[PDB]
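First comes the structure, then the notes that go with it.
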Amino acid sequence: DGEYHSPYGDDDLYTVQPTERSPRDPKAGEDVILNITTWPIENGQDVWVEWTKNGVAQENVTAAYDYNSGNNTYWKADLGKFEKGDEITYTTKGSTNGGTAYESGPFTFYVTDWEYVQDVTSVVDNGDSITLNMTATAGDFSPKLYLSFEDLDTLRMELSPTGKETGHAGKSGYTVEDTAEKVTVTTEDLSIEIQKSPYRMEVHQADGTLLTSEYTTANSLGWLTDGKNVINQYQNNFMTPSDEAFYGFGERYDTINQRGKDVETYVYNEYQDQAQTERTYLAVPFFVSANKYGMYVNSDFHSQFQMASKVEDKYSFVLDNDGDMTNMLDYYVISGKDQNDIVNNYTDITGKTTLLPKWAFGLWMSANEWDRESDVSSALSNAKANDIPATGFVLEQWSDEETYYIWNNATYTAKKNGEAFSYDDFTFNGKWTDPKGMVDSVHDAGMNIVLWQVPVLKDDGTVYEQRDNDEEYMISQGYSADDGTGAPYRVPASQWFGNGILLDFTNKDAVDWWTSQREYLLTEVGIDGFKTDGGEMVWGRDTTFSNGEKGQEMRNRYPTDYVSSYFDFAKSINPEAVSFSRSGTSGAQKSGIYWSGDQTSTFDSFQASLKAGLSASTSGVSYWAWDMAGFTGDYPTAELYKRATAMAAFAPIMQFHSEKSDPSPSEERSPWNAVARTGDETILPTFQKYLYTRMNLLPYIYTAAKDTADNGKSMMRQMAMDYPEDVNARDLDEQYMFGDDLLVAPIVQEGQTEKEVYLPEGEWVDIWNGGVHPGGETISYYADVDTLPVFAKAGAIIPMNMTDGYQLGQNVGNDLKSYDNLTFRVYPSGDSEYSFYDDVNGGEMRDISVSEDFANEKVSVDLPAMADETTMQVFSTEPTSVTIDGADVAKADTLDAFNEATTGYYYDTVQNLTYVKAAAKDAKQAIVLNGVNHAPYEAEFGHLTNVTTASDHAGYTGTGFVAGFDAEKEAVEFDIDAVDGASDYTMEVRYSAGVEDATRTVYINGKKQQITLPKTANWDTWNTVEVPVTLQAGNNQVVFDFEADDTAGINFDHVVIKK
Ligand SMILES: [Ca+2]
Ligand SMILES: [Cl-]
Ligand SMILES: [Cl-]
Ligand SMILES: [Mg+2]
Ligand SMILES: [Mg+2]
């Protein structure tokens, strides 16, 4: 028998327990209902409420029967409505036939209403902060809003509704113009305009361009209070035009543009249906707008961002508080040089990404079913047999599944009083007879290993000596959080690890103990980090932490305290250790890799993972991973597996994983098991191609990882992050930038082979074959299941680790200590510069510069001192000569001769790349390619009408030529760029015409001219004709037609644009 009521339940955002108060936090005019339970179900029960209003005893309120369920009766008591300032205290009671009474409480609530800023009554400029003294729309407070600058382009607002708290100092580099009606605050980057009556702020760039502004009708900034004991919420409201896009908010699975949605800053463990439920494990109260600003609400409390979800032209935030009247509202409006600089400024406030070792950027292998030494040995042998040079290895099913720091099957004498074990304390048996030796074998394969962990001490109600000993110690030492009554906090019973006790990561002594238990894994077993799973486990408003904070404030912070504690611990022992986690909030980026969690093997889930990575990127979480092709559900199709592999190889962290613990057949998402499960042997070479390409690009990828850590620029980025003004880029979620230079367009739709790719203005070159694609439109690219469209931007300098074959997709292995052939791929365009992070040679930054001067048929490369031989691969026509420091270097006729040479050059006619080899030297070297033009536009890559291609007459550039172009109605169209700006140019047409003179009609952006192509000696003889053309900015449509007045057959190799 009993009775129970608890007003907040578990404080869950999405559900209520059946014995809560509704509303949880009543405002003025809201009917308050109390839900109460009694048990068992029986006649003669009476339930009632004893209470006071402002200290005055009220008549008891009797509860009415609502419904029965299980062994319980549920009741509702109606307290009615209240006025702002009312203080209500109540106790719920139950008894049967006037017998024993059971009760809950007392519970108190303070009835609130909103008060807003009205006018600015005075301004005080203290030199490093500005105070705006204001009046309020209601109540008796004297609010103060403090303005300060975190930097000249980053504004901080701190509101004290009572005026009793003071804002923080910032930079002094600002000026103020204060008039009776308005105050304007100016820095070299911002112009902040503030109307005084009513108060309203507009944030502009220094040149006057509006970034964002408070809502038009003013009274935008407010707080929810009873006027005496409590401040429970804050809000501000802003004006937004119909086309404004909002990105970030942590890791989001539903959309990359949150306009139209209410976004909850609330961490949650949602399995498989994150997109549909709009939930996430990683929530951050920061967004970036394509209107060139970011907004960061500096609080760990839950907030709701209403992004034009209520009123078409308004966005708002509503920030919760625990009632403490001394907690100021603190938020930032962040500008910068560009969108990535906005993210950099955000990381100045919340923490920079910590650079991880290069091994983190190779392939990670994982499968939950790996639960014994023989599984590890077989995984290593399978990788070797299938030529998969991975660098990361994860074990999940490794422990006793009780303590989570002891190897499965190990025996030992249990320890009391929180004492830690050493390796020699264990007798290793069964599944793991020699963990240290197993780790050595993983290292010997060139891989690094991490072990799965959780932040909770498991308590399943079973007897297990060591766990029971640790639990008693942890509780009595005060190492858990407190439930609010002096008892240890436990995860709610219905949840993952329900009944488990959370380690209080705010308590340094608790953390030292917890990590001391795992110390031997790092010092003696030799592991390389931890997969710190979970963390979305703090419920309860009264849950109390050692830092004095409670559940509302700590729910979102807890996972990051957990993750960071482990990351820092592992690295203190092993400098090369890496964490792999899923949950966090602002600052998560400081502590390792984040993966997108638990998803199914479908194209819809693939689409959601990419949105999660792109939104996480904007939010400063750059080192992002996903379980390629899904970790659960029916085994992926060969198509999904292949499409996923390609995106995964071009994402920040590449990793496969599987959910099942003991399946038959195997559920491994490895390429060898994928071949086995689908019966499609072609999966292996396709996977190899993408893995080998990633390893060829590792020097570029790792430099990008460094740029994240140094400059806040995420590795994988949504298109609007690099092109905010481009209206076509605003909502794209099926392509992205990777590193500074590569536009990647994965196929994330089932059955798709015609991939649309939006190309921003500028020239884009297909990295696989040299196809040129002028930007400014959405192109169609035919991508079979093994193909991934990837393009390099104009001016790109891309370092690569190549074999003597010098093609993308050739295996260089997993040696992270040296390069095979360090190579720089260059797409010359004006003056470009690249800072390469040469980690192989001491982490020195090598500044490479390229100066394109095709008007004088030259491209110059300024190579700094290098420790290794270097090979340039420059996109161009074939040079007439190449000099290094003014001395000619020898032309090599074949790739073999090029490889044998110590210095020289070689021209790859298929790829239209000039290779230049320069020796290692302790000083800068000046390389100059002479007699070169922009690379040819191959006819075989053009848009063809009623003609085909072939490769049956030798001497063509590219892969062949257009053949059988010999009848009316046939045409070849090229999309061409002006090389050095809009101008007149000479278009060199290369063709063969073995039978007779030919003529064709050419249209340049619709302007007609006819050309004559003289007979060549035979079909094995090529000739060039020079045609004067006028080329403008952007894409030039160049059409070669065979009209009624044209004549004869030609083979058409390419066109070259020159001065
Ligand atoms: Ca050709
Ligand atoms: Cl004033
Ligand atoms: Cl020729
Ligand atoms: Mg800055
Ligand atoms: Mg080591």
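When a ligand or atom number is given, it counts from 1 through the structure's own listing order. Residue numbers start at 1 and run along the sequence shown. Hydrogens, waters and symmetry mates play no part in the numbers below; they use all other heavy atoms, side chains included.
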Legend entry - Side chains of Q810 and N696, donor plus acceptor under 3.5 Å: no
Inset, instruction - With 3.0 Å as the limit, jot down which protein N, O or S atoms are around the Ca ion (ligand 1). - result: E938 OE1, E940 OE1, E940 OE2, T957 O, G960 O, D1053 O, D1053 OD1
Inset, instruction - Please list, chain by chain and in numerical order, all residues satisfying salt bridge (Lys or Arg N to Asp or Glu O under 4.0 Å) with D977, sequence neighbours excluded. - result: none
Inset, instruction - Please collect all ring pair (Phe, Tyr, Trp, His ring centres under 6.0 Å) contacts where either partner lies in residues 166-220, sequence neighbours excluded, each pair once. - result: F149-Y174
Inset, instruction - Verify the neighbour count for atom CD of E761: are there more than 12 heavy atoms of other residues, nucleotides or ligands below 6.0 Å? - result: no
Legend entry - Set of ring-ring contact (aromatic ring centres under 6.0 Å, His included) partners for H773, sequence neighbours left out: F791
Legend entry - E158/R156 ion pair, N-O < 4.0 Å: yes
